[PDB]
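Printed here is final24.txt (compact mmCIF, C-alpha atoms):
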# COMPACT_ATOMS: atom_id res chain seq x y z
CA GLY H 114 -0.16 0.52 16.39
CA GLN H 115 3.04 -1.61 16.22
CA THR H 116 1.82 -4.87 17.65
CA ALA H 117 -0.28 -6.14 14.70
CA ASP H 118 0.37 -9.81 13.84
CA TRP H 119 0.26 -9.40 10.05
CA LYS H 120 1.17 -13.07 9.46
CA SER H 121 -2.05 -14.32 11.00
CA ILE H 122 -4.18 -11.53 9.53
CA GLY H 123 -2.45 -12.17 6.24
CA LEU H 124 -3.20 -15.85 6.41
CA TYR H 125 -6.84 -15.23 7.44
CA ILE H 126 -7.40 -13.02 4.45
CA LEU H 127 -5.52 -15.43 2.15
CA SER H 128 -7.87 -18.26 3.11
CA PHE H 129 -10.77 -16.49 1.38
CA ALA H 130 -11.87 -16.57 -2.28
CA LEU H 131 -10.79 -13.53 -4.34
CA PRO H 132 -14.21 -11.99 -5.04
CA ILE H 133 -15.20 -11.74 -1.38
CA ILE H 134 -11.94 -10.03 -0.67
CA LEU H 135 -12.39 -7.85 -3.70
CA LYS H 136 -15.97 -7.07 -2.60
CA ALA H 137 -14.82 -6.11 0.87
CA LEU H 138 -11.84 -4.12 -0.26
CA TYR H 139 -13.93 -2.11 -2.70
CA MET H 140 -16.59 -1.06 -0.16
CA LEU H 141 -14.17 -0.32 2.68
CA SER H 142 -12.14 1.97 0.47
CA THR H 143 -14.66 3.94 -1.50
CA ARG H 144 -17.31 4.11 1.25
CA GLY H 145 -15.46 3.67 4.55
CA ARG H 146 -17.29 6.43 6.44
CA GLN H 147 -20.45 4.86 5.08
CA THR H 148 -20.54 1.05 5.66
CA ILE H 149 -18.90 1.53 9.12
CA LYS H 150 -21.57 3.86 10.55
CA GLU H 151 -24.44 1.71 9.22
CA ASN H 152 -23.16 -1.66 10.42
CA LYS H 153 -25.21 -3.31 13.17
CA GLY H 154 -22.74 -5.23 15.38
CA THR H 155 -19.17 -5.24 16.78
CA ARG H 156 -18.21 -6.62 13.37
CA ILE H 157 -18.89 -5.80 9.70
CA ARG H 158 -20.12 -8.81 7.72
CA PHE H 159 -19.12 -9.41 4.11
CA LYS H 160 -20.90 -12.14 2.13
CA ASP H 161 -20.48 -13.49 -1.40
CA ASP H 162 -21.50 -16.65 -3.32
CA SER H 163 -17.80 -17.29 -4.03
CA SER H 164 -16.80 -17.88 -0.43
CA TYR H 165 -18.08 -21.11 1.01
CA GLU H 166 -16.94 -23.97 3.20
CA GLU H 167 -18.18 -27.49 3.61
CA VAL H 168 -19.57 -28.22 7.05
CA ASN H 169 -19.42 -32.01 6.86
CA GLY H 170 -20.19 -32.22 3.16
CA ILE H 171 -22.69 -29.34 2.83
CA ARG H 172 -21.67 -26.13 1.08
CA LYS H 173 -22.27 -23.53 3.81
CA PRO H 174 -21.85 -19.79 3.47
CA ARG H 175 -18.57 -18.38 4.66
CA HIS H 176 -18.77 -14.71 5.42
CA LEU H 177 -15.72 -12.53 5.94
CA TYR H 178 -15.67 -10.38 9.03
CA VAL H 179 -14.10 -7.03 9.83
CA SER H 180 -14.43 -5.88 13.42
CA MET H 181 -15.67 -2.29 13.74
CA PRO H 182 -13.24 0.54 14.59
CA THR H 183 -12.30 0.34 18.30
CA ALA H 184 -10.32 3.52 19.18
CA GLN H 185 -7.42 1.30 20.15
CA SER H 186 -8.89 -0.13 23.40
CA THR H 187 -9.64 -3.83 22.76
CA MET H 188 -6.98 -4.27 20.00
CA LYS H 189 -5.82 -7.87 19.66
CA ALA H 190 -2.73 -8.36 17.48
CA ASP H 191 -4.78 -10.68 15.23
CA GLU H 192 -7.89 -8.48 15.13
CA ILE H 193 -8.94 -7.56 11.59
CA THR H 194 -10.00 -3.87 11.46
CA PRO H 195 -11.10 -1.89 8.34
CA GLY H 196 -7.85 0.01 8.44
CA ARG H 197 -5.94 -3.18 9.08
CA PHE H 198 -7.76 -4.91 6.23
CA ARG H 199 -7.36 -2.23 3.53
CA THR H 200 -3.63 -2.04 4.28
CA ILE H 201 -2.82 -5.71 3.75
CA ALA H 202 -5.45 -6.52 1.18
CA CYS H 203 -3.94 -3.80 -1.03
CA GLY H 204 -0.36 -5.03 -0.92
CA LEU H 205 -1.60 -8.55 -1.67
CA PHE H 206 -3.60 -8.11 -4.81
CA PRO H 207 -2.48 -4.90 -6.55
CA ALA H 208 -3.01 -6.47 -9.97
CA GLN H 209 -6.65 -7.14 -9.21
CA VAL H 210 -7.03 -3.68 -7.70
CA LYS H 211 -5.65 -2.34 -10.92
CA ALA H 212 -7.95 -4.53 -12.99
CA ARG H 213 -11.11 -3.44 -11.25
CA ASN H 214 -9.82 0.17 -11.09
CA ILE H 215 -10.29 0.38 -7.32
CA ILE H 216 -9.30 3.89 -6.24
CA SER H 217 -10.23 5.23 -2.83
CA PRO H 218 -11.41 8.82 -3.21
CA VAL H 219 -8.85 9.83 -0.57
CA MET H 220 -6.26 9.06 -3.25
CA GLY H 221 -8.47 10.03 -6.18
CA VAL H 222 -8.55 13.63 -4.99
CA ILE H 223 -4.79 13.96 -5.23
CA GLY H 224 -4.82 12.82 -8.83
CA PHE H 225 -3.89 9.18 -8.24
CA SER H 226 -5.77 8.19 -11.35
CA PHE H 227 -3.61 10.33 -13.67
CA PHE H 228 -0.47 9.53 -11.71
CA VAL H 229 -0.65 5.82 -12.37
CA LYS H 230 -1.67 6.36 -16.03
CA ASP H 231 1.78 5.57 -17.48
CA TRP H 232 3.40 4.04 -14.46
CA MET H 233 6.19 1.93 -15.89
CA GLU H 234 7.39 4.71 -18.20
CA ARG H 235 7.23 7.03 -15.19
CA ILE H 236 9.22 4.85 -12.82
CA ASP H 237 11.61 3.82 -15.55
CA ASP H 238 12.21 7.49 -16.44
CA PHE H 239 12.73 8.23 -12.76
CA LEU H 240 15.18 5.40 -12.13
CA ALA H 241 17.04 6.52 -15.24
CA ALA H 242 17.53 10.08 -13.86
CA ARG H 243 20.79 11.31 -12.40
CA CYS H 244 20.65 11.12 -8.65
CA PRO H 245 21.61 14.36 -6.80
CA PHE H 246 23.43 12.61 -4.05
CA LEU H 247 25.50 10.19 -5.97
CA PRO H 248 28.91 11.21 -7.27
CA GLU H 249 29.45 11.73 -11.03
CA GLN H 250 31.80 9.15 -12.52
CA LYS H 251 35.33 9.69 -13.83
CA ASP H 252 34.68 7.04 -16.49
CA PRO H 253 31.74 8.19 -18.71
CA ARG H 254 30.82 4.55 -19.36
CA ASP H 255 30.05 4.25 -15.62
CA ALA H 256 27.12 6.70 -15.68
CA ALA H 257 24.57 4.13 -14.48
CA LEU H 258 26.42 4.32 -11.15
CA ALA H 259 25.04 7.85 -10.73
CA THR H 260 21.37 7.15 -11.59
CA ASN H 261 18.46 6.89 -9.24
CA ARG H 262 18.44 3.16 -10.08
CA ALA H 263 21.83 2.97 -8.51
CA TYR H 264 20.68 4.68 -5.32
CA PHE H 265 17.82 2.24 -4.86
CA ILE H 266 20.25 -0.64 -5.07
CA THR H 267 22.11 0.79 -2.12
CA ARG H 268 18.71 1.04 -0.45
CA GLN H 269 17.76 -2.51 -1.29
CA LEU H 270 20.82 -3.62 0.62
CA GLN H 271 19.96 -1.45 3.55
CA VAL H 272 16.41 -2.63 4.14
CA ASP H 273 17.50 -6.25 3.70
CA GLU H 274 19.42 -6.02 6.98
CA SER H 275 16.31 -4.72 8.68
CA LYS H 276 13.93 -7.62 7.97
CA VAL H 277 11.54 -9.26 10.45
CA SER H 278 10.42 -12.90 10.40
CA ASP H 279 6.77 -12.19 10.82
CA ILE H 280 6.64 -10.14 7.60
CA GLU H 281 8.99 -12.28 5.62
CA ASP H 282 6.72 -15.11 6.74
CA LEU H 283 3.80 -13.22 5.25
CA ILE H 284 5.55 -12.66 1.92
CA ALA H 285 6.32 -16.36 1.80
CA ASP H 286 2.76 -17.49 2.40
CA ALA H 287 1.52 -14.79 0.03
CA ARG H 288 3.59 -15.99 -2.83
CA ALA H 289 2.08 -19.54 -3.36
CA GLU H 290 -1.39 -18.43 -2.66
CA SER H 291 -0.08 -16.64 -5.78
CA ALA H 292 -0.64 -13.14 -4.47
CA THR H 293 0.21 -10.56 -7.11
CA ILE H 294 3.07 -9.24 -4.96
CA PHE H 295 6.34 -7.99 -6.52
CA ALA H 296 10.05 -7.51 -5.86
CA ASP H 297 10.99 -4.26 -7.65
CA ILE H 298 9.32 -0.89 -7.78
CA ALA H 299 9.71 -0.86 -11.58
CA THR H 300 6.83 -3.29 -12.04
CA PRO H 301 3.37 -2.47 -13.37
CA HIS H 302 1.19 -2.90 -10.24
CA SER H 303 3.53 -1.66 -7.51
CA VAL H 304 2.09 1.85 -7.28
CA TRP H 305 -1.37 0.26 -7.11
CA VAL H 306 -0.79 -1.03 -3.60
CA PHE H 307 -1.74 2.53 -2.53
CA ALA H 308 -4.91 2.91 -4.53
CA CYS H 309 -7.13 2.07 -1.57
CA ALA H 310 -5.30 4.43 0.74
CA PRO H 311 -3.70 2.26 3.37
CA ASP H 312 -2.86 4.04 6.60
CA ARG H 313 0.67 2.67 6.38
CA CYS H 314 2.90 0.70 3.99
CA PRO H 315 1.43 -2.68 3.01
CA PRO H 316 3.60 -5.27 4.85
CA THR H 317 4.26 -7.21 1.62
CA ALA H 318 5.71 -4.11 0.00
CA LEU H 319 7.71 -3.01 3.07
CA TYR H 320 11.08 -4.39 1.93
CA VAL H 321 10.86 -3.31 -1.70
CA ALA H 322 13.16 -0.27 -2.01
CA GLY H 323 11.34 3.03 -2.21
CA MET H 324 7.85 1.61 -1.78
CA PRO H 325 7.29 2.80 1.82
CA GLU H 326 8.55 6.20 0.77
CA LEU H 327 6.23 6.23 -2.23
CA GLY H 328 3.44 5.98 0.33
CA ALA H 329 4.62 9.04 2.24
CA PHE H 330 4.81 10.90 -1.04
CA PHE H 331 1.11 10.24 -1.49
CA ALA H 332 0.63 11.21 2.19
CA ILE H 333 2.47 14.48 1.65
CA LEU H 334 0.48 15.32 -1.47
CA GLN H 335 -2.58 14.80 0.73
CA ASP H 336 -1.34 17.39 3.19
CA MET H 337 -0.62 19.93 0.42
CA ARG H 338 -4.07 19.46 -0.96
CA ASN H 339 -5.43 19.95 2.50
CA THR H 340 -3.24 23.03 2.90
CA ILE H 341 -4.57 24.50 -0.34
CA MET H 342 -8.20 23.57 0.49
CA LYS H 357 -5.00 21.20 10.17
CA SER H 358 -4.30 17.76 8.65
CA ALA H 359 -1.56 15.21 9.44
CA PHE H 360 -1.54 12.48 6.84
CA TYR H 361 2.22 12.28 6.44
CA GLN H 362 2.96 12.17 10.17
CA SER H 363 0.41 9.42 10.70
CA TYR H 364 1.76 7.45 7.77
CA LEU H 365 5.34 7.98 8.96
CA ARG H 366 4.70 6.89 12.54
CA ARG H 367 2.40 4.07 11.53
CA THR H 368 4.73 2.70 8.83
CA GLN H 369 7.96 3.02 10.79
CA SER H 370 6.23 1.13 13.59
CA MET H 371 6.56 -1.88 11.29
CA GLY H 372 10.28 -1.79 12.08
CA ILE H 373 11.79 0.24 9.23
CA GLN H 374 13.01 3.83 8.99
CA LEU H 375 12.01 5.87 5.98
CA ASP H 376 14.89 7.09 3.83
CA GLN H 377 13.94 10.78 3.87
CA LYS H 378 16.06 11.27 0.73
CA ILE H 379 13.93 9.05 -1.54
CA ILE H 380 10.79 10.95 -0.66
CA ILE H 381 12.70 14.09 -1.57
CA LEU H 382 13.64 12.67 -4.95
CA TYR H 383 9.99 11.69 -5.61
CA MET H 384 8.63 15.07 -4.60
CA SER H 385 11.09 16.97 -6.76
CA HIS H 386 10.49 14.82 -9.84
CA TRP H 387 6.73 14.44 -9.59
CA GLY H 388 5.25 17.13 -7.37
CA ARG H 389 4.90 20.01 -9.84
CA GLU H 390 2.70 17.94 -12.11
CA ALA H 391 0.88 16.28 -9.18
CA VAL H 392 -0.47 19.59 -7.87
CA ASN H 393 -1.93 20.37 -11.27
CA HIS H 394 -4.00 17.20 -11.03
CA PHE H 395 -5.34 17.63 -7.52
CA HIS H 396 -9.03 18.11 -7.03
CA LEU H 397 -10.02 21.24 -5.16
Please render this file's structure as C-alpha cells.
Amino acid sequence: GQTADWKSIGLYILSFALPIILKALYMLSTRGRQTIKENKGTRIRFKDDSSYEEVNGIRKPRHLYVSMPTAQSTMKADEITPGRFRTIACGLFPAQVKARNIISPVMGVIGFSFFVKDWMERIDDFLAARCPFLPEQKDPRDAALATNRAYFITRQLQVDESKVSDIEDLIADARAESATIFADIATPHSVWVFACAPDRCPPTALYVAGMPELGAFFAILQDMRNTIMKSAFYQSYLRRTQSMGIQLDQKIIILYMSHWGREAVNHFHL
C-alpha cells in the first residue's frame, strides 16, 4: 500500500474492549489461512461478551469486523483488513501479546520464541557493544560514544525529522487509551510488536530507532529459512514499511544480523 489512514483504523481498533481485540488478534495470527477461507461474507466477524454498546439504554452486542482480503482493488484508506489489523494491533498492545504468549507460527518457525527469551539482557548487551562504524575515542572515558547505543541516538535524531502527522496523531491517541506502546528499543515488550508477524512496521513503533529495522531482520531470517528449506519476505517488508514514509537504515539491520544471526539459524525450525 501507502495510502492507509492508520489514524482512523487506529482509533477504530482503540474504541474496542481489550479481549475482543485480543481474541481477533490471536486467531488472525495463528490461523490466518484458516479463518479467512472459512468466513462467509465480505467481512470477518469477531464477537465477544466484553465488547458491547448501549443502543438507547440496552446493552447490545458490538462485534468487531475485518473485511476479507481484497487483492488491492476496493481498498479504502480506512478499510480494516486482516493484514492491516495484525500490523497495528501488534504495535498497540505488545505487553498483552507478551502476556498471552501470542506468537504467529510464521515467526515461531524462525525461533522467535527463543529469541525473545531474555530480551532486555539481549538488547542491553547489543547497545553496549562497540559499533563498527563509529570512531574509537582519544579519551578512554569517552567509550560510550563508540557503542551501538550511541549510534541509535544519531538515528533517533534522524527519524525525528521524518515524522508524519497522521502517525504522530496515532501515537498520541494510543497513549491515553493507555496502549502499551514504548519510546526506546531497550524496553521489555518492544520486540513483541513482531510476534504476530505484521507485514510491515507497526505505525506506533515506526519512529523508535531501530524498530523498523528489527522487523526486516525477522524478515531476512524468514528468507534464510526459506532458502534452507523463491520467497520475498524482506523485500515485501522493506517496500511496505518504507511506504509509511521512512527509509530503513541498512546499517542497523547489518549490526543486528552480525550480532544475532549465527544463533538465530540454530533455532530455526526446518
Under the rule of at most 12 Å, produce a per-residue listing of range 177-234 of chain H near range 114-118 of chain H: chain, number, name, the closest pair of atoms, and the distance in Å, as a tab-separated table, using only C-alpha atoms.
residue	atom	partner	partner_atom	distance
H:184	CA	H:114	CA	11.0
H:185	CA	H:114	CA	8.2
H:186	CA	H:114	CA	11.2
H:188	CA	H:117	CA	8.7
H:189	CA	H:117	CA	7.6
H:190	CA	H:117	CA	4.3
H:191	CA	H:118	CA	5.4
H:192	CA	H:117	CA	8.0
H:193	CA	H:117	CA	9.3
H:194	CA	H:117	CA	10.5
H:196	CA	H:114	CA	11.1
H:197	CA	H:117	CA	8.5
H:198	CA	H:117	CA	11.4
H:200	CA	H:117	CA	11.7
H:201	CA	H:117	CA	11.2
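Residue neighbourhood of range 262-273 of chain H, excluding near-sequence residues (fewer than 3 positions): residues 237, 239, 240, 241, 242, 243, 244, 246, 247, 257, 258, 259, 276, 319, 320, 321, 322, 323, 373, 374, 376 and 379 of chain H, at 9 Å, using all atoms listed in the file.
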Counting only C-alpha atoms, what are the residues of range 260-368 of chain H within 12 Å of range 143-146 of chain H, and for each of them which pair of atoms is the nearest and at what distance in Å, to one decimal? Sort the table by chain and rising number, as a Markdown table.
| residue | atom | partner | partner_atom | distance |
| --- | --- | --- | --- | --- |
| H:308 | CA | H:143 | CA | 10.3 |
| H:309 | CA | H:143 | CA | 7.8 |
| H:310 | CA | H:143 | CA | 9.6 |
| H:311 | CA | H:145 | CA | 11.9 |
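Our summary of the geometry notes that CA of residue 177 in chain H is positioned 7.4 Å from CA of residue 133 in chain H.
Residue nearest residue 235 in chain H within the list H:371, H:298, H:292, H:134: H:298 [criterion: smallest interatomic distance, all atoms listed in the file].
Proximity to residue 179 in chain H was assessed for H:126, H:327, H:375, H:229 counting only C-alpha atoms; the smallest distance is recorded for H:126.
CA of residue 233 in chain H is found 17.0 Å from CA of residue 382 in chain H.
Across H:154, H:183, H:166, H:232, the tightest approach to residue 301 in chain H is made by H:232 when counting only C-alpha atoms.
Picture a line from CA of residue 202 in chain H to CA of residue 138 in chain H; it runs 7.0 Å.
Distance check against residue 325 in chain H using all atoms listed in the file: of H:341, H:304, H:299, H:384, the minimum falls on H:304.
Among the candidate residues H:181, H:220, H:135, H:213, the one lying nearest to residue 151 in chain H is H:181, with distances computed using all atoms listed in the file.
Distance check against residue 174 in chain H using all atoms listed in the file: of H:254, H:158, H:228, H:365, the minimum falls on H:158.
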Compile the contact shell of range 385-397 of chain H as a PDB file with C-alpha atoms, keeping the file's coordinate frame: residues with an atom at most 9 Å away, counting only C-alpha atoms, same-chain residues fewer than 4 positions apart removed.
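Generated file (out-v9.pdb):
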ATOM      1  CA  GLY H 221      -8.470  10.030  -6.180  1.00  0.00           C
ATOM      2  CA  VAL H 222      -8.550  13.630  -4.990  1.00  0.00           C
ATOM      3  CA  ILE H 223      -4.790  13.960  -5.230  1.00  0.00           C
ATOM      4  CA  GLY H 224      -4.820  12.820  -8.830  1.00  0.00           C
ATOM      5  CA  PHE H 225      -3.890   9.180  -8.240  1.00  0.00           C
ATOM      6  CA  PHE H 227      -3.610  10.330 -13.670  1.00  0.00           C
ATOM      7  CA  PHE H 228      -0.470   9.530 -11.710  1.00  0.00           C
ATOM      8  CA  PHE H 239      12.730   8.230 -12.760  1.00  0.00           C
ATOM      9  CA  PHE H 330       4.810  10.900  -1.040  1.00  0.00           C
ATOM     10  CA  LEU H 334       0.480  15.320  -1.470  1.00  0.00           C
ATOM     11  CA  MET H 337      -0.620  19.930   0.420  1.00  0.00           C
ATOM     12  CA  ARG H 338      -4.070  19.460  -0.960  1.00  0.00           C
ATOM     13  CA  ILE H 341      -4.570  24.500  -0.340  1.00  0.00           C
ATOM     14  CA  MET H 342      -8.200  23.570   0.490  1.00  0.00           C
ATOM     15  CA  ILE H 380      10.790  10.950  -0.660  1.00  0.00           C
ATOM     16  CA  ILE H 381      12.700  14.090  -1.570  1.00  0.00           C
TER      17      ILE H 381
END
Please complete range 138-163 of chain H with N, CA, C and O atoms and give it back as a tab-separated table (two decimals), in the coordinates of the input.
chain	number	residue	atom	x	y	z
H	138	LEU	N	-12.82	-5.13	0.03
H	138	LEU	CA	-11.84	-4.12	-0.26
H	138	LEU	C	-12.46	-2.92	-0.97
H	138	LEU	O	-12.18	-1.78	-0.62
H	139	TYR	N	-13.30	-3.18	-1.95
H	139	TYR	CA	-13.93	-2.11	-2.70
H	139	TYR	C	-14.77	-1.18	-1.80
H	139	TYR	O	-14.49	0.02	-1.71
H	140	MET	N	-15.77	-1.75	-1.14
H	140	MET	CA	-16.59	-1.06	-0.16
H	140	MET	C	-15.83	-0.24	0.89
H	140	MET	O	-16.08	0.95	1.08
H	141	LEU	N	-14.91	-0.91	1.57
H	141	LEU	CA	-14.17	-0.32	2.68
H	141	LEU	C	-13.23	0.81	2.28
H	141	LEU	O	-12.65	1.50	3.12
H	142	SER	N	-13.06	0.97	0.98
H	142	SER	CA	-12.14	1.97	0.47
H	142	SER	C	-12.90	3.16	-0.03
H	142	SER	O	-12.58	4.30	0.32
H	143	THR	N	-13.92	2.89	-0.82
H	143	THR	CA	-14.66	3.94	-1.50
H	143	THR	C	-15.90	4.38	-0.73
H	143	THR	O	-16.57	5.34	-1.13
H	144	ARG	N	-16.22	3.69	0.36
H	144	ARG	CA	-17.31	4.11	1.25
H	144	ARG	C	-17.05	3.72	2.71
H	144	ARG	O	-17.92	3.17	3.38
H	145	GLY	N	-15.84	4.01	3.19
H	145	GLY	CA	-15.46	3.67	4.55
H	145	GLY	C	-16.32	4.33	5.61
H	145	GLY	O	-16.84	3.65	6.50
H	146	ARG	N	-16.47	5.65	5.52
H	146	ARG	CA	-17.29	6.43	6.44
H	146	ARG	C	-18.75	5.98	6.39
H	146	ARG	O	-19.50	6.14	7.36
H	147	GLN	N	-19.13	5.44	5.25
H	147	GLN	CA	-20.45	4.86	5.08
H	147	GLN	C	-20.54	3.53	5.83
H	147	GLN	O	-20.79	3.52	7.04
H	148	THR	N	-20.29	2.41	5.14
H	148	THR	CA	-20.54	1.05	5.66
H	148	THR	C	-20.25	0.86	7.16
H	148	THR	O	-20.94	0.08	7.83
H	149	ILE	N	-19.25	1.58	7.69
H	149	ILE	CA	-18.90	1.53	9.12
H	149	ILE	C	-20.03	2.04	10.03
H	149	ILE	O	-20.45	1.34	10.96
H	150	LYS	N	-20.51	3.25	9.76
H	150	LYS	CA	-21.57	3.86	10.55
H	150	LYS	C	-22.88	3.06	10.49
H	150	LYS	O	-23.64	3.04	11.46
H	151	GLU	N	-23.15	2.38	9.38
H	151	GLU	CA	-24.44	1.71	9.22
H	151	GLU	C	-24.42	0.23	9.61
H	151	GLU	O	-25.44	-0.45	9.55
H	152	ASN	N	-23.27	-0.25	10.07
H	152	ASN	CA	-23.16	-1.66	10.42
H	152	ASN	C	-23.64	-1.99	11.84
H	152	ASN	O	-23.04	-1.55	12.83
H	153	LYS	N	-24.71	-2.77	11.91
H	153	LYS	CA	-25.21	-3.31	13.17
H	153	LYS	C	-24.29	-4.45	13.65
H	153	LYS	O	-24.16	-5.47	12.98
H	154	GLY	N	-23.65	-4.25	14.81
H	154	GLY	CA	-22.74	-5.23	15.38
H	154	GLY	C	-21.32	-4.75	15.66
H	154	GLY	O	-20.88	-3.73	15.11
H	155	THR	N	-20.60	-5.48	16.51
H	155	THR	CA	-19.17	-5.24	16.78
H	155	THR	C	-18.29	-5.69	15.62
H	155	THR	O	-17.06	-5.67	15.71
H	156	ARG	N	-18.92	-6.15	14.55
H	156	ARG	CA	-18.21	-6.62	13.37
H	156	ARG	C	-19.00	-6.23	12.12
H	156	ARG	O	-20.21	-6.04	12.17
H	157	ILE	N	-18.29	-6.08	11.00
H	157	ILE	CA	-18.89	-5.80	9.70
H	157	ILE	C	-18.83	-7.05	8.84
H	157	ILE	O	-17.75	-7.62	8.64
H	158	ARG	N	-19.98	-7.49	8.33
H	158	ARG	CA	-20.12	-8.81	7.72
H	158	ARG	C	-20.14	-8.72	6.20
H	158	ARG	O	-21.01	-8.10	5.62
H	159	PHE	N	-19.16	-9.35	5.57
H	159	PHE	CA	-19.12	-9.41	4.11
H	159	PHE	C	-19.50	-10.80	3.61
H	159	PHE	O	-18.96	-11.80	4.06
H	160	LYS	N	-20.44	-10.86	2.66
H	160	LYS	CA	-20.90	-12.14	2.13
H	160	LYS	C	-20.85	-12.17	0.61
H	160	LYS	O	-21.12	-11.17	-0.06
H	161	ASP	N	-20.51	-13.33	0.05
H	161	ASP	CA	-20.48	-13.49	-1.40
H	161	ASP	C	-20.56	-14.97	-1.76
H	161	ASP	O	-19.97	-15.81	-1.08
H	162	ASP	N	-21.31	-15.28	-2.82
H	162	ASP	CA	-21.50	-16.65	-3.32
H	162	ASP	C	-20.19	-17.43	-3.47
H	162	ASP	O	-20.18	-18.67	-3.40
H	163	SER	N	-19.10	-16.70	-3.70
H	163	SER	CA	-17.80	-17.29	-4.03
H	163	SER	C	-17.12	-17.90	-2.81
H	163	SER	O	-16.39	-18.87	-2.92
